[PDB]
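The structure appears below as structure tokens.
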Amino acid sequence: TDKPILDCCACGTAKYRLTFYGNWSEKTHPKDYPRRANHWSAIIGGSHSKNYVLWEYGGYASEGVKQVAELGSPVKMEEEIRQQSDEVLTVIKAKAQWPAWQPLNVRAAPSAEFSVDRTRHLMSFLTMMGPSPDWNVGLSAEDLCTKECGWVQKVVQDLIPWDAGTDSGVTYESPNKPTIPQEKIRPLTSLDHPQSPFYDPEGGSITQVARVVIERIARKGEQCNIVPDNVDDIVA
Ligand SMILES: *[C@@H]1O[C@H](CO)[C@@H](O[C@@H]2O[C@H](CO)[C@@H](O[C@@H]3O[C@H](CO)[C@@H](O)[C@H](O)[C@@H]3O)[C@H](O)[C@H]2NC(C)=O)[C@H](O)[C@H]1NC(C)=O
Ligand SMILES: [Ca+2]
């Protein structure tokens, strides 16, 4: 058996800003909106290698993912991430948001910086939509390395909630109801359950609840991109 070939051919390191924009408010998602309790939990994630999976669709929630989903607590997730030692480059953290939605002139969108290198060229994170039985948003294994042996300049992604598979409640404020055995992580849909706040008998996509912006802010070290990248962001 040979070691698998390297998937990322970019050189040196790159630094990114992750900014998280909530779009989940009583105005955009009126049905049973939790007017008093609504929040986003702290953001937790990391830049990492292919050898570590924080969460993935069709995967089972780790203990740390479960505690984010149910408690809004990033503490066990952060322990799990740090236990991966060299498979993780940067630990990503940003603060909780109470209430969940404000205009940008009122409150800055939470952000964090992270680094990538040839081996830790992926990024994952999650945050809990609260209150909820077990509903998060996030990205899993977003790749910052390009085929051209460079580093992506900007990624913009709109998000819908996903279900961590650990609690069977049907709406934001449902009583605790352990899902046993735990089920696979899956996205929410507009036909999950008639009491779901996202239910629409006509089906169709769920209105996005957040947008994430990932922007490159620096590169370091000799570069080996096969197309020009003359952005003046290489630090000496
Ligand atoms: C979810 O929240 C995000 C963050 O506020 C929203 O993104 C922002 O949306 C507006 C579009 O109305 C963007 O401003 C506009 O940009 C275009 C540039 O092409 C310009 O022509 C307009 O005059 C205006 O300046 C803004 O760039 C964008 N912010 C981002 C991406 O960070 C998003 O629309 C929200 N979605 C919903 C459905 O509420
Ligand atoms: Ca669930």
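Residue numbers start at 1 in each chain; chains themselves are named A, B, ... in the order of the structure tokens; ligands are numbered from 1 in the order shown.
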
Spatial neighbours of residue A:116, max dist 12 Å, only C-alpha atoms, sep filter under 2 positions, as a VMD selection string: chain A and resid 8 10 to 17 46 to 49 87 to 92 113 to 114 118 to 124 142 to 145 150 to 152 216 to 220

Expected answer as a ChimeraX atom specification: residues within 8 Å of ligand 1, only C-alpha atoms and all ligand atoms: /A:21-23,28,103-104,156,158,207-213

All helix (DSSP H, G or I) positions in stretch 50-236 of chain A, as a VMD selection string: chain A and resid 63 to 71 75 to 82 85 to 87

Expected selection as a ChimeraX atom specification for ligand 2 within 7 Å, only C-alpha atoms and all ligand atoms: /A:133-135,163-169

For the selection just defined, write its residues with C-alpha atoms to a file, as a PDB file, in the first residue's frame.
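Writing the result to again_23.pdb gives the following:
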ATOM      1  CA  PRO A 133     -33.837  20.552  19.641  1.00  0.00           C
ATOM      2  CA  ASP A 134     -30.461  19.915  17.913  1.00  0.00           C
ATOM      3  CA  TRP A 135     -30.150  22.279  14.919  1.00  0.00           C
ATOM      4  CA  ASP A 163     -30.115  18.224  12.333  1.00  0.00           C
ATOM      5  CA  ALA A 164     -27.423  16.737  14.597  1.00  0.00           C
ATOM      6  CA  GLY A 165     -29.443  13.497  15.028  1.00  0.00           C
ATOM      7  CA  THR A 166     -29.473  13.554  18.842  1.00  0.00           C
ATOM      8  CA  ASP A 167     -32.870  15.088  19.783  1.00  0.00           C
ATOM      9  CA  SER A 168     -36.258  14.341  18.225  1.00  0.00           C
ATOM     10  CA  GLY A 169     -38.091  17.610  19.144  1.00  0.00           C
TER      11      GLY A 169
END

Which of stretch 102-214 of chain A fall in strand (DSSP E), as a PyMOL selection string: chain A and resi 111-117+122-130+135-143+154-159+162-163+186-187+210-214
